[PDB]
Amino acid sequence: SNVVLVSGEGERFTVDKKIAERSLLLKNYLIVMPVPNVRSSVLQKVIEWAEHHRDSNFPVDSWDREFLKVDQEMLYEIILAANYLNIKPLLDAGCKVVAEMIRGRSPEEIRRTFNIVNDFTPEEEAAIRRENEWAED
Amino acid sequence: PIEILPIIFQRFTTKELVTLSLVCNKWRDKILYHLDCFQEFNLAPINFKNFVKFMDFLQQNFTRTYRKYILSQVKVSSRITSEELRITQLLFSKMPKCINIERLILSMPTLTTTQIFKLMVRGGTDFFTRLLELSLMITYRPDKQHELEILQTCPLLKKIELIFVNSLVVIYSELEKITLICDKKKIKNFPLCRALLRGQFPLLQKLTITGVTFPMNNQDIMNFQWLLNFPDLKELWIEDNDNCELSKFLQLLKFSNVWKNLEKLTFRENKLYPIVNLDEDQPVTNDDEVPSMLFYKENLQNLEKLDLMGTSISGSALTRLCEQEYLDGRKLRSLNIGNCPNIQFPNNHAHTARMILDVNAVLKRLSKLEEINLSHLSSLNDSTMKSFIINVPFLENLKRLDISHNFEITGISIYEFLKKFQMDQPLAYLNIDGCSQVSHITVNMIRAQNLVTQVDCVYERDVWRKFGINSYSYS
Amino acid sequence: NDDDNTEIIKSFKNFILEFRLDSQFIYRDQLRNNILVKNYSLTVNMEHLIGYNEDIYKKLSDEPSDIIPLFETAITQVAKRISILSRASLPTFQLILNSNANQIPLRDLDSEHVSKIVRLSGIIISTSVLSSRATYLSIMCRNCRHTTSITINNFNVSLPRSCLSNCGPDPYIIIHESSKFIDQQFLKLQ
Amino acid sequence: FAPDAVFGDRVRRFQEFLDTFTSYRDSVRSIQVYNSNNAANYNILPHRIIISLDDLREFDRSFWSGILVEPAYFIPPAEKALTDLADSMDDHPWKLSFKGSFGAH
Amino acid sequence: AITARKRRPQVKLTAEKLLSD
Ligand SMILES: [Zn+2]
């Protein structure tokens, strides 16, 4: 029998119980379950992820990285999701995609990528680099 | 979400994360504040001033009243020989007390044992008592036995490696793996000789001694009398130990149930000692008294991997190991007999009968084996390969076949072997590097018709001893 | 470059297959009749080549050392098309030229005639033995045994200087079993 | 096509040829016993056989024309088979020689 | 682990040697 959820915006969803118990806190918080933190679009992405990974085993992923090749801001809102109500495989997927994103990028590349300013006083950024160089390849 | 950030960061490695500290002041703090995101360091090589700034970075960030953090791998090596001393001095002088290096790889070739010992003693950053694994690519000293005192100094040590790149002039329950590697040209004695014969290392799982020179003055060493000290010894690897002999080793194996369990044995003497036959003589003191129980079976009954490359074992000795069922077969999975000049196959008309290998008997005995190595086995001419062709039905488990650096074997034998093997689905992997007689078109046919999933044909590869992978003989 | 070479080859294929006088396809017939008696060559009258398409003769006479091999290639393709069934082997056909152009006496030939087609006459004073020249070299690298082959046309050749992907300084050797050769003779004309 | 894949079949066909025309087996053994006698008796016959090429034609025309037109791929297996025959006789590579009816060759 | 890489040894007059017997 399939469990009926309530999203963090209000509408309902229905999936098989193992699909729902990809959320690890669903076993305790409370065939009906409110899920107060998760956005509608995000909870749909959570559901369709779990509906692909119906039978996946958990004790880099080809399908996740293209499944999540999407808007940076909504994607980071998935990073902000899945944790106040814990959904661990999505955290693993998130780590994988953000690491693959970050891997080659300098400070200025990261500034344009994550869309942020240089928040240092720049001579202090120079100084710390000048105190940091064992990280140089 | 400040709490989950280590899970994100640890997907990316230390130096790279440290560069990521410079993206912005915020993320600089977000990274820096989580000390456990650091679990490996590679300072390999490094110059002195950058190592100063590394030590300084620890002294600023990792300095904490809480006695918490530990580091799982610290590789350090100097860019410059003189600065080797300066880096090591600073390391043992200024390492923060509250922080424990788990595994130290102090690759410092110029430094001597004595100097390393002194730097721990008078450096006094006492983690070196408390680390778990150690490695020392260092200069040996024959004049003093300070390396033994390292073990005495480092009671928590489970895995120790020493790579004595050069020379200049009691119970150890903790230990689990001892790897001793030497430059056979520079090292002209045996470093741990007193320690190994006198002490016991009762939990020692793996032992690996290469390049050392056994003393002539000590038959207790030469007869492997010390080697009785180590029960539970899951694996023994022993290679290029110039004054050892497989004969003395087999004499040990005859006359004690020395090991309850060896999963793997690997013996490789370098120079050609005279023929060793399996010494099946079971003497009687009197026929009124017991024949001496021969412990070859119960010693070798456990083996998965047997490796005897270069060891002058005669072909009959190996057949007797199989006919006696001293080698178990039901448990054996990988056999290496390469470079053994005393092996001849049954089709050879030129022989002395006790050098013959009866491959039909052998492959009947130990049929489930995965991996064979016959490299440098010059005796494996094309005619002799016919014996393997007709014994294909007995080697159905075989996946990996090394016959490389055979200067005789034509592509004819290769092809018909793989073709009859195909009557078993390709062979998984085959190595024929350096085999000057395998025709390039034949191996291209092997690829094209897909008789082997992978086959290596680097004709130009002069040598076989890949360090770490195939051998622990040094360089 | 090989697009233009393909067009030259097609032009010559059309010359063989289309050239006709008084109801007879003289070059198709000559090529077949030569194939039956197993001489793999064709004798071409350059009056006919000029009459067919003078642009072709212009290409040939401008640079015969590049164009003669392409004409020979065209002859091979037509030879197969008129003597081997398409979808149920021959060597590279020699091109022989007949001409009535004005002769240059042997003493007048000089730097202005280099690489031009030339017609002359004289007395043969000597004939050397049949040396062997390669038409096709099977080749491989001495170290990594990279295998390749070089087709050769005898109008002005070498082995490659270094391997086509270390292999050492001068790495290629010939494989004589799968290489192909032809007779070459020297004559001295007085 | 690669020569090694057909070497074994060529070997056994020349072995069947030598078994069929047993005068060559008799010649191999005659040479061997002559050499053994002269070695012990204390002048040596060579390890070489002349095969009538007609015999090889009448046995197998394909192998015969292989010897004629592609000897680099057909003489080594024939000499291997002959060496194996000499090995099969009781107690060094043996070589071949040819006679008869070469035709255009 | 690291198979050997070469370096050039060197010797010069020094105070210890100058203070030897
Ligand atoms: Zn090459």
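Scanning the range B:52-83 for residues that are more than 10 Å from every other protein chain (Cβ to nearest Cβ) and touching an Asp or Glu at 6+ places or on another chain (Cβ under 7 Å) yields a total of 6. A Cβ distance below 6 Å, combined with a sequence gap of six or more or placement on separate chains, defines the contacts here; from the range B:460-475, residues that are under 22 Å from B:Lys206 (Cα atoms) reach residues that are among the hydrophobic types (A, V, I, L, M, F, W, C) and in a strand (DSSP E or B) in the pairs B:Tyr472/B:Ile181; B:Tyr474/B:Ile181.
Among the residues making up the range B:398-436, those that are crowded, with 17+ Cβ neighbours inside 10 Å, part of a loop (DSSP other than H, G, I, E, B) and within 14 Å of chain D (Cβ to nearest Cβ) are B:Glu408, B:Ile409, B:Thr410, B:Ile432, B:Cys435. Scan the range A:26-49 and give yes if some residue there is within 14 Å of another protein chain (Cβ to nearest Cβ), in contact with a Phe, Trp or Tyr (Cβ under 9 Å, 6 or more places away or on another chain) and in a helix (DSSP H, G or I), otherwise no. No: zero hits.
Of the residues that make up the range B:439-454, is at least one over 21 Å from D:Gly8 (Cβ atoms) and small (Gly, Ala, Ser)? Looking for residues that are over 21 Å from D:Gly8 (Cβ atoms) and small (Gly, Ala, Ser), one finds none in the range B:439-454, hence no.
Criterion first (out of contact with any helix residue (DSSP H, G or I) (no Cβ under 7 Å at 6 or more places or on another chain), among the basic types (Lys, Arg) and surrounded by 15 or more Cβ atoms within 10 Å (Cβ to Cβ)) does C:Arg142 satisfy it? When the stated conditions are applied, C:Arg142 passes them. B:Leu175 meets each of the listed conditions (1) within 14 Å of chain E (Cβ to nearest Cβ); (2) of a type outside the set (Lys, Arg); (3) touching a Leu at 6+ places or on another chain (Cβ under 6 Å) apart from (1). For the range B:348-359, check the following and say yes or no: at least one residue is surrounded by fewer than 23 Cβ atoms within 10 Å (Cβ to Cβ), within 14 Å of chain D (Cβ to nearest Cβ) and touching a helix residue (DSSP H, G or I) at 6+ places or on another chain (Cβ under 8 Å). Yes, the range B:348-359 contains at least one residue that is surrounded by fewer than 23 Cβ atoms within 10 Å (Cβ to Cβ), within 14 Å of chain D (Cβ to nearest Cβ) and touching a helix residue (DSSP H, G or I) at 6+ places or on another chain (Cβ under 8 Å). Counting only strands (runs of 3 or more DSSP E) that fall entirely inside the range C:69-154 and contain at least 2 residues that are away from the ligand (no atom under 16 Å from the Cβ) and more than 29 Å from C:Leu31 (Cβ to Cβ), the qualifying elements are C:124-127.
When the residues of the range C:155-180 are filtered to those that are of a type in the set (S, T, N, Q), under 25 Å from D:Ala2 (Cα atoms) and more than 16 Å from the ligand (Cβ to nearest atom), the one that is surrounded by the most Cβ atoms within 10 Å (Cβ to Cβ) is C:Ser179. When the range B:444-454 is limited to residues that are more than 9 Å from chain C (Cβ to nearest Cβ) and out of contact with any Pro (no Cβ under 8 Å at 6 or more places or on another chain), the one that is surrounded by the fewest Cβ atoms within 10 Å (Cβ to Cβ) turns out to be B:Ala448. Among the criteria (1) within 25 Å of A:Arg12 (Cα to Cα); (2) surrounded by 11 or more Cβ atoms within 10 Å (Cβ to Cβ), the one A:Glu125 does not fulfil is (1). In summary, strands (runs of 3 or more DSSP E) completely within the range B:112-206 and bearing 1 or more residues that are more than 14 Å from B:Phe92 (Cβ to Cβ) and in contact with a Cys (Cβ under 9 Å, 6 or more places away or on another chain) occur at B:133-140, B:159-167.
Yes/no matrix, rows are residues, columns are (1) β-branched (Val, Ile, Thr); (2) assigned to a strand (DSSP E or B); (3) under 18 Å from B:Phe394 (Cβ atoms):
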{"site": "B:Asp279", "(1), (2), (3)": "no, no, no"}
{"site": "B:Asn299", "(1), (2), (3)": "no, no, no"}
{"site": "B:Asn302", "(1), (2), (3)": "no, no, no"}
{"site": "B:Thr319", "(1), (2), (3)": "yes, no, yes"}
{"site": "B:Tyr326", "(1), (2), (3)": "no, no, no"}
{"site": "B:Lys331", "(1), (2), (3)": "no, no, yes"}
{"site": "B:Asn339", "(1), (2), (3)": "no, no, no"}
{"site": "B:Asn347", "(1), (2), (3)": "no, no, yes"}
{"site": "B:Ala361", "(1), (2), (3)": "no, no, yes"}
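Of B:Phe41, B:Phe48, B:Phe9, all but one fail to be among the aromatic types (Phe, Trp, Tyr), touching a strand residue (DSSP E or B) at 6+ places or on another chain (Cβ under 6 Å) and within 13 Å of chain A (Cβ to nearest Cβ); the exception is B:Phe41. Just one of the numbered conditions (1) in a strand (DSSP E or B); (2) over 23 Å from B:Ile160 (Cα atoms) is not true of B:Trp27: (1).
In summary, helices (runs of 4 or more DSSP H) completely within the range A:53-137 and bearing 2 or more residues that are within 11 Å of another protein chain (Cβ to nearest Cβ) occur at A:72-80, A:88-102, A:107-113, A:122-129. Under the condition of being among the aliphatic types (A, V, I, L, M) and either more than 26 Å from A:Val97 (Cβ to Cβ) or at the interface with chain A (Cβ under 9 Å from one of its Cβ atoms) (or both), the residues counted in the range B:12-38 number 5.
So basically every Cβ, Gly included, is an ideal-geometry build from the backbone, and we count neighbours across all protein chains shown. Taken together, the values in this text are just the output of simple stated rules run on the coordinates, not laboratory data.
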